[PDB]
Structures are given as structure tokens and as C-alpha cells.
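First comes one chain, alone, set out as C-alpha cells in the form solved without the named molecule.
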């Protein structure tokens, strides 16, 4: 295990660039940061609110889930500025807001996102916590071209990690408080399959007191989910079998991304310790669209 950076203000949304650098978000610092291979930290852009997850899109620009702000805890009314999907230019540092609502519903707490091979964009909504109530979770899909958002999953508990199977016929969403990974068969890109209260299958539910954060998929189809409280990566097979749990040393392990040679290096955000770490992985990661393939 290598420590690539420290003193990160709740790092998240690691994107491992081909040049070896990592572009990630710092939710508390409200910025998009680039960790060079030597370790130098450079601020790509300030992203007010709560930049929560990142993914490289077809235009070489960085797409961002902005949760609107944390307090992490429930934000006060005046530090929450509304959720959104944003785009940051890695050359100019310019920030564009693409979407601040689905239909007429303001986006609440966009969390993480993944592109399909057609440029469609899945993202999760964790929702916001308030004083005496909380939003429900959801999963949305932005149609190819970044044209319009559709609400594909709604009414679960807060959703966090999201990914696609290698063949992209299954979408996975992690439900944070329950430690459950949900699999959604797709009839086609961006459309949950007809037939499945619940709209999917809970293929794995961890026992005890464990919660899920973000995730990354392996070329094997295994889904690697950052696991809160127990502080590990839970590797879950497509059938729901818990294959292993890889300790990381931080109760608040939040995300994982694959890079390096053969995509066999796991870049992991230890958000309790404020660190970005690199960890040799036993198997290769699934190439992400527009980033790795």
C-alpha cells in the first residue's frame, strides 16, 4: 500500500487518468483536485457545494455529481445549495452546471456516476438529511448526448456507489445504510428491464453493522464496494457471493478506482484519514468508457 496524498478534505470520486495522475474531489474543500504521480496537489477548479463523485466523459471533460453540500453530516439550510450534475474542463478549469433538476424535481444529493458505451450517464442520488427527515435514494440516467435525465430507480434508501457489469447489461447500485448491493437488469442502455415494491434484486446484504459507499467493477464482473464502519473493500460476485473483504484501515473508506499497469492497482479514498492510497489488486479492473476504452 502506497500513500499518494494526505491532508485531503474528505477525498472522493477518484478518476485514475492514463498519465498516472488521479483527479478526485474533496467534498469538504469543495474542489476538484489533481494528484500528480510525484504527489504534488493541484487544484483543477473550485466546485462550490459538495463535489461528491467524478467520471471522465466523451469530451475529455470531468463530469461531477454535486451533492449541494455537507455539514460529514446533515447540512444546515444555508450551506446546502442544491444538487446538480456539473462538468469541469481540465484545461481551462471552467465549471458548467448541466442539470439542477430531474423534470421538475430539484436534484438532492447526487453522489456517484458511470458512463455507458453510448455516452449515457448513470448517477445515484443519496438524498439530503435534514433535522427530522431525509430524502429517499434514487438512480437516474442522462440519455446519450447529455440531453435529458430519466428517473430509473426511486424510493429506496440512499443510493451511493453505481456501476455497470462488463457487458453493461446490469447496473449496480449500493444502498448505504443497509449495506446492500442492488443489481438491476437492463433491457437496453439506460432502461431498467421490465419486471423485477422493489425495482431490483438485493444480491448481497452484509451482516452486522456495515454500510456501503462507492464502488468499482472488475473485468471479472466482481463488484468492489467501499464498506463503511468495517473499513474495507467488499468484493461481491455477480451472483451476490461475498468473495472477500480487503481491509483498508479507515472506518470511512468511500471509493475505489482501478488504474496503473493492467488496471491491477486499486486507488482508494480513505476519507476519515484524508488520504488517497494505492493498493495492488489481485485481479484487473473493468475499463471505464472514455477513460480506459
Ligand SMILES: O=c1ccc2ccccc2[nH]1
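Only residues modelled in both forms are compared. We call the rigid core the largest set of C-alpha positions that still match within 1.5 Å between the two forms. Numbering follows the first chain given and starts at 1.
Below, we turn to the form deposited with the named molecule bound, even though it does not appear here.
In summary, the region of this chain contacting the named molecule in the deposited complex, judged by heavy atoms within 4.5 Å and restricted to 56-64, 232-240, 249-257, 41-49, corresponds to 249-257.
A heavy atom within 4.5 Å of the named molecule in the deposited complex is found for exactly one of 216, 121, 173, 126: 126. Distance criterion of 4.5 Å from any heavy atom to the named molecule in the deposited complex singles out 72 from the list 72, 221, 202, 144.
Contact check for residue 228: a heavy atom falls within 4.5 Å of the named molecule in the deposited complex. The shortest heavy atom separation between residue 160 and the named molecule in the deposited complex is within 4.5 Å.
In the deposited complex, residue 281 stays away from the named molecule, with no heavy atom inside 4.5 Å. Taking the named molecule as it sits in the deposited complex, the stretch 89-119 comes within 4.5 angstroms of it through a non-hydrogen atom at just one residue, 111. Core-superposed comparison between this form and the one not shown: residues with C-alpha shifts of 2 Å or more form a single run of three or more, at 194-196.
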